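Listed next as structure tokens: two forms of one protein chain, kept apart as structure 1 and structure 2.
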Structure 1
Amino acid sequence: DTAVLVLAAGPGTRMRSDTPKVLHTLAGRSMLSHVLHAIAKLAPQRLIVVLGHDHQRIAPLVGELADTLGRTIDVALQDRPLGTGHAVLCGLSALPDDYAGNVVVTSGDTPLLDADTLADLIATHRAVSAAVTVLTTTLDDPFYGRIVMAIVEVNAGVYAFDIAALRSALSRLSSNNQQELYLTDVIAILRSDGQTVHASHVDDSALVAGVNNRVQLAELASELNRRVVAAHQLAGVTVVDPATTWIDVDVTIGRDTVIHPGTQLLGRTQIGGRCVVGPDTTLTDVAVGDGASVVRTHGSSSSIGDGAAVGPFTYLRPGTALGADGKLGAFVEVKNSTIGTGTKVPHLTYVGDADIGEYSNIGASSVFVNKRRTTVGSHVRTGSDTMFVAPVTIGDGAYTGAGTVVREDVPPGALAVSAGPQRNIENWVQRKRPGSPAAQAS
């Protein structure tokens, strides 16, 4: 039996933020969520999180996280900002007084720490019957106090403890130094009691790296990102420039797709196999089938079918569904609309809140204007500069003239027109502009 305490109670001062440090995000999850996902993979019997400013936070634990993870996470509060030693004391109150098992202590600002690293700590600790084991790592420039004697190779800030050793070393602890009670002092107290102080060493330094400021945040965002890219590359995805390709965790991509530079794939986006994600593409929660091209596109909450072509310069808003072999071309925007198999919207148009059938063609520079919705049939051909004033129904195989405004329904196989006929005014430019265009004409 192991109880895990996450200390998330500090102020996060040097973030210079009105957003609590621990709720700051990277690769798709907040630091706290990254911390709790790794620990939940470990599955200890008791998992407890300790808080300071607690109203914003407590809501997202358990509420959202204990559910998403399908387990209980207890929360303990820390009324006075006493320090990490006291925080640990606050977390222990949530255990039955007669609690038997080990206690592992961690923070909420190490977003890379993983279940294996935690498991190895617990394993070394039971192996040597320890009392206390402390995780460490070795660096180039130590700042990160420093490391078994004691603590001022640095200290990771992650500990396994014997509950009886811990409760006792804590009962006898002071303050004078910042003016708080550190947990590091538990190591020196148990050394006085002639206790065994063990230390599990982590070769991979970035797994236990913490975030105190926005410079360090960007660093770990960067390292985590390299590791998600390299995992996709090794499964069969070409990433031309891993330095300018941000891929969130969860995002899935398949065999032989090519990802070109300047691309972010975010949230729960999925890419099928054999795709081309061109350059400068940003997709959050977008699903793409196999053999599709998505180039210079900014899109979210949408789906793009197999062998379809989107880009360059296309904007997809929430609720867009484009069928297989479909096309959205340059300078098009689509919001909350369904577009069938094989249909093409190639240029300078906006399609909002409509449904379009299959193998239809929408002419350049058109607009769907506004609970009824416009509906357009299959094999329909609309001419350039058509405005579709909602709601309106266009039947299968219908056509529209260039420069038409559609305000009424159009039957299957009718041509809808409105533009007046062309008149030429001979020698106008000679008379109304004498100079320039006038000459030529001459």
Structure 2
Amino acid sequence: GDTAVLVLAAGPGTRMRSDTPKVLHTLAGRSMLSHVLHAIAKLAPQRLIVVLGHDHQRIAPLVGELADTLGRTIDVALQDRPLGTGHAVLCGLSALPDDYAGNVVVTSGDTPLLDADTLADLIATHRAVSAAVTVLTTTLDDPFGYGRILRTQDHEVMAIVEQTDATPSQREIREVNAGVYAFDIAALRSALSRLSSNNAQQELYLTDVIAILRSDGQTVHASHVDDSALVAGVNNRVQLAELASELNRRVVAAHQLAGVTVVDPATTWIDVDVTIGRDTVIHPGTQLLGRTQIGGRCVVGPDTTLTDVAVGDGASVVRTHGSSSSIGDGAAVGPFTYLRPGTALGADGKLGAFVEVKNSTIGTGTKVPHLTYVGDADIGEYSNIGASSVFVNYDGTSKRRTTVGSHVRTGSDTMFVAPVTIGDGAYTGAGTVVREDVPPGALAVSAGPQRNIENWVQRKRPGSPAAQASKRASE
């Protein structure tokens, strides 16, 4: 129907002890504010307002970025002074027309696990019972901090008492206020006009509209959500880590039911935007971050961190730290491999142990197996780079590119002093410093000939164990 959702992100969040605003702390690839705005946008409300207190100039541009990603307008109201949650709703009420007749949903920006289904059931129950206010509730083993729900024996809601304003008998109430409301626009404005600051924290409690609307004879309703994590709030980093662990278990479980093997979900972190193909095995200690895409029948080996990495089908990424890179079908990466942004490994390519690639395009079937740095280079198809090689892309002042052809066989400890081009099918010997272009089919060497200095050990290392091993060898 015609609804308007308001997100209250004006709280200071002092218990986070962070120079970064609370609602912008991230989990599973999105900030808490981004998590809330994503779920609200999936219901497509007619209006959406975000109330910001201080840190408003630091958070407001990120609200506009989310408005661009979700493809709609997201208004922003600003609370001048921290006068409580009631005053914050009144600030967000100025961003609507004074003649607004739709429902008004109130939420906070620190409930990251809140989904569109819980909000849909909130407005659905709100309409089905024809209530003036519907509040979301849940039951916790520790109801500390939250506002307590006061109900009579017939389970009808009487009021909500805050933690700072609760008697010891009321502290024992384990049904808590989730902070997600659904109002009638007219009945709400009437309540907040009658709010009193005569409380412990000396603020305008939005929670007091429950009792105010009860004294008016209006229908007061509370919808109890059993899944407490969906409505849990974040005030400290301990709760942020708890909700991040819970959200990660649900993300991993969804991939498993889709056909993805996650050996150790406890030590496997997967962001919300990550896609994994069918019959892919993910080993412990792995984090899938950002917009990482894993194809089908892959093996993302243990202790692998991937951020915005696109991997094709049937590839193996074992013990790899990569970001902003592409890995083709059937490619083998790892173990102990470092992928910097700009890495495009072709299909059936190999980047082996102790190899670092940065801003390089390596064609189909080319292998870089051992102890090599590949920076700002272009390598063809079905080539082979010897071990202990380096693509020298820094002359001390600027960066230069290197071009390597197809079907080449470069020797071990080959230094490519860019800019240098290596033709197709070319060879370089072991220990070659390539400073000039190598034509196709040529062999490039530079190392001097081998010189053997006989019995040098017995003359310069006389009392050494090696001198005795050589003296005993002459027998």
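Throughout, residue numbering runs from 1 along the sequence of structure 1. Here the rigid core means the biggest group of C-alpha atoms that line up within 1.5 Å when the two forms are laid on top of each other.
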Handout entry: Position that moves between the two structures after core superposition, taken from 46, 37, 29, 57, with Cα shift of 2 Å or more
Key = 57
Completion exercise
Here the CA of residue 193, compared between the two structures on the core, is shifted in angstrom by 1.3
Fill in the blank from the handout: Core-superposed CA shift of residue 311 between the two structures, in Å, is 0.4
